[PDB]
Amino acid sequence: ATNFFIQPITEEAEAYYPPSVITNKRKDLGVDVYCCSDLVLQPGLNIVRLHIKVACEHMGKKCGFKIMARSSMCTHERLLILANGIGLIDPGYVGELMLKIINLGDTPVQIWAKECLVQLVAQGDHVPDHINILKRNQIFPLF
Amino acid sequence: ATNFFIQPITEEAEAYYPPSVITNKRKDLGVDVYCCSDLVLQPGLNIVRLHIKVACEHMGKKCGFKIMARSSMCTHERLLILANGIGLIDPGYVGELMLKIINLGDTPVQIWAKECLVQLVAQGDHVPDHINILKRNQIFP
Amino acid sequence: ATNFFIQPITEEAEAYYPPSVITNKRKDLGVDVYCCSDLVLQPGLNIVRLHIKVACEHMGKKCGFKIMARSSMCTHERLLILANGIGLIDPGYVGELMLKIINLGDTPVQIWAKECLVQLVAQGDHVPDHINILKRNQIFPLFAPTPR
Ligand SMILES: O=c1ccn([C@H]2C[C@H](O)[C@@H](COP(=O)(O)O)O2)c(=O)[nH]1
Ligand SMILES: O=c1ccn([C@H]2C[C@H](O)[C@@H](COP(=O)(O)O)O2)c(=O)[nH]1
Ligand SMILES: O=c1ccn([C@H]2C[C@H](O)[C@@H](COP(=O)(O)O)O2)c(=O)[nH]1
């Protein structure tokens, strides 16, 4: 099996990540993840904090995962790309998930809290079975 | 085994995709796909229809795949990138493939139908064994 | 197991890649890789040679790998992206590894030889066990019977 573990680490993040076990019955490859707060993306590089700590596991072992833009991220009203193409998250990383987004236009772009600009893909592109939303301040499960 | 299934939608796409079975003797990871139409990429974002329906399978079961730019897509004369970095195609997706291409230059760029700007990589990067080009008016296996 | 093999080509690449076997105790997915030469990235597309020969193997067989930008490659001061998003390296490729880097800014950007702008990831995202830095005068492995 392949499972994700997402823990909100701020107040605004808790509103979008209440404790739950989410099943991927549609069997999509990506796990959508929220902005959790309104933000304005200036032209050029923007550092976006996702306000979550994430773990991925495959066959009982902690693995890495990848951050990929959703197709909806770039539109005619927002010329947005992920600076690093895809974000490579190593299994040893236990910090907060971050995004480097380049606004390629000359116009600042308003992003809303509920929007999901990116999705998480497990190492090896394995379909996630469950997305476990952990409680804030809890210790992550052992793998 | 890992196999791709490509079905042309338009008459022009059928010209570039006649029914056949292509073998991946070189053992390449990506499956180059034609644009299947001449097109002009305006500066900024461009929505490009590939005029094909694609399914990927791994060990008898339908799987997802990924759309990746080819090295030749970007040159000194055309600054083209895929807007989403790589396209993530879920196994449940059954519609026509599409590309979001950003022309970073200030002048329109002409692309020919025979050009392969992008390649398809199976979920998990499994190397394809066969690329099945299907007839236009049939249903997927 | 999954292992990478790196052989420097130029003199300065040899200075950055002396013979050694690097173990991936952190179990990181990416293998950081040096520029091996000072370079100036002009606005627009830049074709960059990595000055190394690279192979990846998985369960005794040669496999492909992927070139991914590191998070450190793009900063507020240098707007650098990989033109193809990620570089897909087929196992047959054996030639020298190339980069297509777009400088999105209006002024040239200086990169130092010691900087690691990109990282290599094995086919299927398998975590590498060892990273073998080969001498310039030793045989590069083929991982297969000599074909045809
Ligand atoms: O888009 C990204 C890329 C990386 N990281 C974190 C997780 C990685 O383990 C660590 C190192 O990333 P790189 O330097 O290898 O890109 O930074 C992110 O939070 N977001
Ligand atoms: O480049 C792309 C990316 C996605 N899709 C289709 C297939 C996916 O299943 C669906 C959703 O993609 P995301 O929103 O997850 O990127 O859109 C494309 O046609 N082209
Ligand atoms: O960033 C890249 C991408 C590709 N290649 C080489 C290795 C591949 O086997 C070959 C074909 O690449 P594509 O045309 O499939 O992108 O070019 C590189 O050196 N660097």
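Counting neighbours? That spans all protein chains shown, and the Cβs are built from the backbone with ideal geometry, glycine included. Only the coordinates and a few stated rules stand behind these numbers; no lab work does.
The set of residues from segment A:45-58 being more than 16 Å from C:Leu29 (Cα to Cα) and either within 14 Å of chain B (Cβ to nearest Cβ) or charged (D, E, K, R) (or both) comprises A:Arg49, A:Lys53. Quick check: is even one residue across segment B:20-35 within 13 Å of B:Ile6 (Cα to Cα), of a type in the set (D, E, K, R) and within 13 Å of chain C (Cβ to nearest Cβ)? Among the residues of segment B:20-35, at least one is within 13 Å of B:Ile6 (Cα to Cα), of a type in the set (D, E, K, R) and within 13 Å of chain C (Cβ to nearest Cβ), which makes the answer yes.
Please go through segment A:99-123 and give me each residue that is within 12 Å of chain C (Cβ to nearest Cβ) and touching a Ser or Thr at 6+ places or on another chain (Cβ under 8 Å), ordered by number. Steps first, please.
Let us first name the residues in segment A:99-123 that are within 12 Å of chain C (Cβ to nearest Cβ), namely A:99-105, A:121-123.
Correct list: A:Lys100, A:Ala122.
If the condition is being crowded, with 22+ Cβ neighbours inside 10 Å and more than 25 Å from A:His130 (Cα to Cα), then segment A:36-75 contributes only A:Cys74.
Residues being within 11 Å of chain B (Cβ to nearest Cβ), away from ligand 3 (no atom under 16 Å from the Cβ) and either of a type in the set (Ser, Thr, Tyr) or out of contact with any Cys (no Cβ under 9 Å at 6 or more places or on another chain) (or both): count how many of those fall in segment A:74-93.
Going residue by residue through segment A:74-93, those that are within 11 Å of chain B (Cβ to nearest Cβ) are A:74-87.
Okay, now just the ones that are also away from ligand 3 (no atom under 16 Å from the Cβ), so A:74-83, A:87.
Now drop any that are not either of a type in the set (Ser, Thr, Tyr) or out of contact with any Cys (no Cβ under 9 Å at 6 or more places or on another chain) (or both), which leaves A:74-79, A:82, A:87.
Residues that pass the stated criteria total 8.
Residues that are free of Cβ contacts under 8 Å to residues at least 60 places away in the same chain and within 16 Å of ligand 2 (Cβ to nearest atom) are absent from segment C:43-50 altogether.
Restricted to segment A:124-143, and to residues there that are in a loop (DSSP other than H, G, I, E, B) and within 15 Å of the chain's Cα centre (by Cα), the residue that is nearest to the other protein chains (Cβ to nearest Cβ) is A:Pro128. Restricting the first member to segment B:15-27 and to residues that are without any contact (Cβ under 8 Å) to a residue 24 or more places away in the chain, and the second to residues that are outside any helix (DSSP H, G or I), the beta-carbon pairs closer than 9 Å and six or more apart or on different chains are B:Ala15/B:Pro8; B:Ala15/B:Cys36; B:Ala15/B:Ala113; B:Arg26/C:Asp90; B:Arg26/C:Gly92. The lone criterion from (1) part of a loop (DSSP other than H, G, I, E, B); (2) over 19 Å from A:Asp32 (Cβ atoms); (3) of a type in the set (A, V, I, L, M) left unmet by A:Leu45 is number (1).
For the subset of segment A:18-31 comprising residues that are away from ligand 1 (no atom under 16 Å from the Cβ) and part of a strand (DSSP E or B), which member is surrounded by the fewest Cβ atoms within 10 Å (Cβ to Cβ)?
We begin by selecting, within segment A:18-31, every residue away from ligand 1 (no atom under 16 Å from the Cβ); these are A:18-29.
Imposing the further condition that a residue be part of a strand (DSSP E or B) reduces the set to A:20-23.
Working: A:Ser20: 12, A:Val21: 9, A:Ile22: 13, A:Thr23: 11.
If we take residues in segment A:18-31 being away from ligand 1 (no atom under 16 Å from the Cβ) and part of a strand (DSSP E or B), then A:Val21 is surrounded by the fewest Cβ atoms within 10 Å (Cβ to Cβ).
Identify the residue in segment C:79-95 that is surrounded by fewer than 19 Cβ atoms within 10 Å (Cβ to Cβ) and not hydroxyl-bearing (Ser, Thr, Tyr) and, among all such residues, is nearest to ligand 2 (Cβ to nearest atom). Ranking the candidates gives C:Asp90 first. Would you pick out the residues in segment A:91-134 that are in contact (Cβ under 8 Å) with a residue 60 or more places away in the chain and out of contact with any strand residue (DSSP E or B) (no Cβ under 8 Å at 6 or more places or on another chain)? Those that are in contact (Cβ under 8 Å) with a residue 60 or more places away in the chain and out of contact with any strand residue (DSSP E or B) (no Cβ under 8 Å at 6 or more places or on another chain): A:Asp106, A:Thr107, A:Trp112, A:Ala113, A:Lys114, A:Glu115.
Does A:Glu96 count as farther than 19 Å from C:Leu80 by Cα, touching a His at 6+ places or on another chain (Cβ under 9 Å) and away from chain B (no Cβ under 14 Å)?
Numbers: farther than 19 Å from C:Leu80 by Cα: yes; touching a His at 6+ places or on another chain (Cβ under 9 Å): yes; away from chain B (no Cβ under 14 Å): yes.
The answer is yes for A:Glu96.
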